[PDB]
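Chemist: fold the following.
(chains A and B)
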There are 2 protein chains.
Amino acid sequence: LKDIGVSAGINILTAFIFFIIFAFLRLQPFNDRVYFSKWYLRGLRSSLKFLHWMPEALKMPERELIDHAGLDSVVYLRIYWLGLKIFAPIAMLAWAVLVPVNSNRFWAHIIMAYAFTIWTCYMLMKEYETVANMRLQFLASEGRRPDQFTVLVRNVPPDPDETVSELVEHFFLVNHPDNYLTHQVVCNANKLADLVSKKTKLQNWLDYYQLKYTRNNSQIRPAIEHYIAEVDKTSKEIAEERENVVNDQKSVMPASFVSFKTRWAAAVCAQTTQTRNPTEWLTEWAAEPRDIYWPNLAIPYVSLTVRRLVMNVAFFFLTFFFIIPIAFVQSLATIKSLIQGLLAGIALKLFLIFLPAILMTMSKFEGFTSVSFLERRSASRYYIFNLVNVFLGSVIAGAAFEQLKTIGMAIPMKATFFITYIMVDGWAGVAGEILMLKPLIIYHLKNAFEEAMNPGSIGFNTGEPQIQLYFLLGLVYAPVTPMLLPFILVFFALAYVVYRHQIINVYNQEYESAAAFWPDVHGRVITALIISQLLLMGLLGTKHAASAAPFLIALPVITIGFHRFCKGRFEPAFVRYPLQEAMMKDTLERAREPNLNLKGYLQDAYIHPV
Amino acid sequence: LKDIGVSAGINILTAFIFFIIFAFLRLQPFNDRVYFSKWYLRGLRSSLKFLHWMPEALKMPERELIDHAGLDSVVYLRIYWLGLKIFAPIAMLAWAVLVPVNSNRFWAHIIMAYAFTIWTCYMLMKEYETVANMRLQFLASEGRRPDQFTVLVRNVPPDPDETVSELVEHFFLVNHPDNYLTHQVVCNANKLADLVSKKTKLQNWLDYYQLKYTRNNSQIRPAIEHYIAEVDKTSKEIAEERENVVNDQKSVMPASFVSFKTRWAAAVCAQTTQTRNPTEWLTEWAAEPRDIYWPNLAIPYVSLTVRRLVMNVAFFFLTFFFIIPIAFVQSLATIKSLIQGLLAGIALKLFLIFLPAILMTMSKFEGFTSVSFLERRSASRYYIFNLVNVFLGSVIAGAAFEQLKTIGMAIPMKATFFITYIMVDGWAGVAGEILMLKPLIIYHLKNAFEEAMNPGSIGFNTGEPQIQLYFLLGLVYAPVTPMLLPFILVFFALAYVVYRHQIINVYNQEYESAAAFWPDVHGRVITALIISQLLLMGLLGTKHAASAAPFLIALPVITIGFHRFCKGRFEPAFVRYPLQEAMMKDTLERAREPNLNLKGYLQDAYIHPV
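Modeler: Numbers count the residues shown, from 1 in each chain, chains lettered A, B, ... in the order given. Dropping the coordinates below:
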């Protein structure tokens, strides 16, 4: 606990050091752009002390924050405030029953484990209903956006000699008459998009030396004529790729974007199954053109489930290859001894700083088109990583390295490591996330060597799975060792205020989702609950508490039944855009804009980056 | 095995005795109506030897049988022929590997357990695709039928003072314009329907004595004036109930039948979620008016999940109260000794002759409106009964009464009882089902004491769960004790030929489903597979076969993944009437009948029995 004390001290001092340097950076205006990316994307702004920062983030109201920076960001903040709502009462009720233990006491705290799970389920129900309610209100209040008016047909039958464009056009002229507006064939511009990305990358690389020389071109060997030949060769390849993409046969794909005159028509197309064999004509709710990760499109849907399976195998080999750094961290967990206990957590965060990136890459390979759903799946895989590797794997590595109640007496000892870790990653890691060292340094390098901000998304695939990890920790250790509970609670407080500021000021919504991820979030925190209970049993079973097993069996039963309740009761608010919402919003829009001429708008929406 | 021999002998002799008496009954024409109910419902017919019966049932082709007696009946026969296709190769491959055993042999037959499950999965895939293909072809080939054109809205908000009729009319005039044809409010005629059923019941009771006396009314006390007062009181109550049903407030329910001009519109309504909160405006594919079990309608959908839960509790108390007759049967299982071994099975069938009826009642209480889905749920509960009571409960009772490999060495001994049982229930029970003693005696009593056949449905909720029970037995004992395999195989042969005859000649389709139950069937036989594997492990684990555990872990993994494949690949053919099928069939129908005037037809379809 002295090691926990010094970890918490080092990390509150690191949080306040980050706050100091970050206030300084905000005050110096030449990096102001980095710290206010919104108010600059929105154009609202242009061109002792710490006490004016944290309150100013919460001076922003709720609905105005929604209208400001999208609903997905504000409901990510809502995941933070849900952590507060779920672990502040849990902390009160756990410190109300922690004083007796520090036998019959375990009977007196299994009812408190109940209280924990009943409270998190009541909170998750109220909160799931709240996020769904604000989601549907936001979807009815969001203006025109092609994501509402269109759908994605993934697999079509390429059998006839007739092209896919006129094929899907005929399919929907037949099936959805007086509703189908325009198809939009997805191109295999993956090669052309990669070519243009390479083009602009080497273009800024060329501008580097262009702005560098200014007296006499040094032309490092690694010359500038090399990059001139680069732009020439890429221009010739772009000419060839444009000649190939204007040609139909090879470039077109089985998928297309089908737009509809009414949002109701798009909603019927999305909800329903279209054709006889569900392997084709699958109709996904088409995310925005700014949303869908175009490189992941133009992949055969037949070769999509094999990609998901090979990525599951990659995730398996990852967890069984990422188990050795987790064991290294645990052995680092078990003066300078407390500094080693803290180095354990800091090296775990250093090992997990590249984990969300490679999970993003894994999900990009997994075939998900919408970067919204791509980050949702990335967060889901990061979470089933943290669950099986950073929590189950880390706790079993701690139990193994305590040998050098067998495992049951060591998991509250691994909670000490988890405290040091929530301090290095939740406290100090998020406090460093405020600085945005990477975005700021990138912006400075770009401007030094017009306006091309693109700051960086809210980082759902990175931040959110850590929040589910801390839900997991707080739920497994609210029943076991509430010494962690205050630390994850105050982390939720911090994380909320800082990420709320960042959504107010820097974080943009790369994907304009409508809190579509909250099912996942719920389906993860609820699984956290399950993992708590199936773990709490594993701690009261090895402790020979015979009376604790039946109630801890009845508990996850009611928890998973409650998850089924919330599923059937609000998941239709996210996963299935309802028809009444669609038609009501559509009639309101037609009342406002009576001509609305949206054929050209929708057919030009989902072309491709050009 | 001598007891099995005499059970099989008694039961083949009972099968042939039933065949004899049944040929005799068919040949005597005064009961002909019972044995040819079809050809009399269809009006086709009106007004040594055994060798002309069994072939004549198979002289009927397939597609003509579909057009003859519905697709659900022919695909029930297809479940039988699937039993043949799944257990004849399984029998060949099991008698090819049964001669060595009657250690290393278990390694040589775990690959054969694989072969069994791989073959049943290939057969279930081909067969699931076949039944789905013929289902979609039948749905495109079926003529007009209100089930295709309408939908059921279960829960509406009764909040406004405005009535539910105009409420749903306004809801769908707003949401489905140019598509919504007519609402049809479901009435709480449950009381009126029960009253009219009592009316006609006591009416035929009165006609009993009317046709009985004919010289001088004896007027048993239990007089005929009593039944005259019965008809008078029921007529007054019918007047009151009609005055109440023509009144709106109390009689109308939250549910209604919404019909649409196009089958495509009905299909979009059915597939989609309608309103914001999924607890209301649920839109079920509305089964035919002849189908939907009207008494089960007019129940609050809020009080429907509580009915499902109380029926789950009733099923639990049933299995834990029906465990004592299963134990009685098992103790009867363990000269006259073989006669007791056979009495075990005959008393189990005698105990299970009322099981499908009370499961039908349980499902009627469980809130399912369509007697199609009502029999599907009844068969599902009968099957999760047979699985946990007549197979798991019976095998554990046999293992317990062998005490008077502990359980592993007794389950192949319980397979002897299962042989005696498939002989008394599958062989002799189905051979008695041919006679239809109950329908025939009922018809004779009715005519003796016009034309009011109503023979009795195919009995899906009764026959089908027994077929899944025999799938369960054949799969658990193909890997364990293939002495049963030939008996269940020849039962599938028999059952097929007899039920095929009965569908040709007597069995009518009370519900004109479109093989909607086959998902269930598959989802049950596939669960049989799982139950086989999770049981085969339990037999190779208690036998200390260390090499058998990993492959028998990988087996049910691929089986449940295969079930997921078939789910995602054909369940959309049953559970979700696709939009292309709907619109194609609708355009064909509009090409044939261009006026089609179906507003009156559809709005008069789903009134109520009157």
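
Chemist: quick check: residues of the stretch 201-350 of chain A near chain B?
Modeler: Counting by C-beta under 8 Å from any C-beta of the partner chain, the residues of the stretch 201-350 of chain A close to chain B are A:264, A:267-268, A:271-279, A:281. For every residue, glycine as well, the C-beta is placed using N, CA and C.

Chemist: inside helices: which ones of the residues you listed?
Modeler: Where those overlap with helices, as defined by DSSP state H, the overlap consists of A:264, A:267-268, A:271.

Chemist: what residue in the stretch 101-250 of chain A comes nearest to chain B?
Modeler: Taking C-beta to the nearest C-beta as the measure, the stretch 101-250 of chain A has residue A:175 as its residue closest to chain B, at 4.8 Å.

Chemist: so which bits of the stretch 1-150 of chain A are right by chain B?
Modeler: Taking C-beta under 8 Å from any C-beta as the contact definition, the stretch 1-150 of chain A meets chain B at residue A:136.

Chemist: tell me the SS of residue A:610?
Modeler: Classification of residue A:610 into helix, strand or coil gives coil, according to DSSP: H, G, I helix; E, B strand; the rest coil.

Chemist: quick check: it vs residue A:192, distance?
Modeler: In this structure, residue A:610 and residue A:192 are 9 Å apart, going by C-beta to C-beta, to the nearest Å.

Chemist: neighbour count: those two, which is higher?
Modeler: When neighbours are counted by other C-beta atoms under 10 Å in any protein chain shown, residue A:610 and residue A:192 differ, and residue A:192 comes out ahead with 21 against 9.

Chemist: the more buried one and residue A:239 touch, don't they?
Modeler: No. Between residue A:192 and residue A:239 there is no contact under C-beta atoms under 8 Å: 11.0 Å.

Chemist: residues near residue A:197, how many?
Modeler: 12.

Chemist: the stretch 101-250 of chain A: strands as residue ranges?
Modeler: Counting by DSSP state E, counting those that start in this stretch, the stretch 101-250 of chain A has strands at residues A:150-153, A:180-182, A:185-187.

Chemist: so which of the ones you listed is the most packed in?
Modeler: Across the strands of the stretch 101-250 of chain A, the average number of neighbours (mean count of other C-beta atoms under 10 Å in any protein chain shown) peaks for strand A:150-153, which reaches a mean of 26.

Chemist: centre of the chain to that one, how far?
Modeler: Using C-alpha atoms, centre = their mean, to the nearest Å, the mean C-alpha position of strand A:150-153 is found 23 Å from that of the whole chain.

Chemist: then stretch A:190-202?
Modeler: Going by C-alpha atoms, centre = their mean, the spacing between the C-alpha centre of stretch A:190-202 and its chain's C-alpha centre is 26 Å.

Chemist: again with stretch A:197-214
Modeler: Its chain's average C-alpha position is 32 Å from that of stretch A:197-214, according to C-alpha atoms, centre = their mean.

Chemist: need the next SSE after the helix or strand harbouring residue A:564, C-terminal direction.
Modeler: Under the assignment given by DSSP states H and E, the secondary-structure element containing residue A:564 is helix A:548-574. Using DSSP H and E, the helix or strand that follows helix A:548-574 in sequence is helix A:579-592.

Chemist: mind listing what's buried along that following helix?
Modeler: Neighbour-count burial for helix A:579-592, counted by 16 or more other C-beta atoms under 10 Å in any protein chain shown, picks out A:579-587, A:589.

Chemist: packing partners for that helix?
Modeler: Taking 3 or more C-beta pairs under 8 Å, 6 or more residues apart in numbering or on different chains; DSSP states H and E as the contact definition, the neighbouring helices and strands of helix A:579-592 are helix A:105-141, helix A:263-271, helix B:164-175.

Chemist: what parts of the stretch 451-600 of chain A come near chain B?
Modeler: Residues of the stretch 451-600 of chain A lying close to chain B (C-beta under 8 Å from any C-beta) are A:568-570, A:572-573, A:576, A:578-581, A:583-584, A:587.

Chemist: quick one: those as TSV, columns for distance to residue A:374 too.
Modeler: Below are those laid out as TSV (distance: C-beta to C-beta, whole Å):
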residue	distance to residue A:374
A:568	27
A:569	27
A:570	23
A:572	23
A:573	22
A:576	20
A:578	25
A:579	27
A:580	30
A:581	25
A:583	30
A:584	30
A:587	33
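
Chemist: and which of the residues you listed is nearest to residue B:308?
Modeler: Taking C-beta to C-beta as the measure, residue B:308 sits nearest to residue A:568 out of these, at 12.2 Å.

Chemist: not counting its neighbours along the chain, what's nearest the closest one?
Modeler: Setting aside the residues directly before and after it, residue A:568 is nearest to residue B:278 in space (C-beta to C-beta, 6 or more residues apart in numbering or on different chains), at 6.6 Å.
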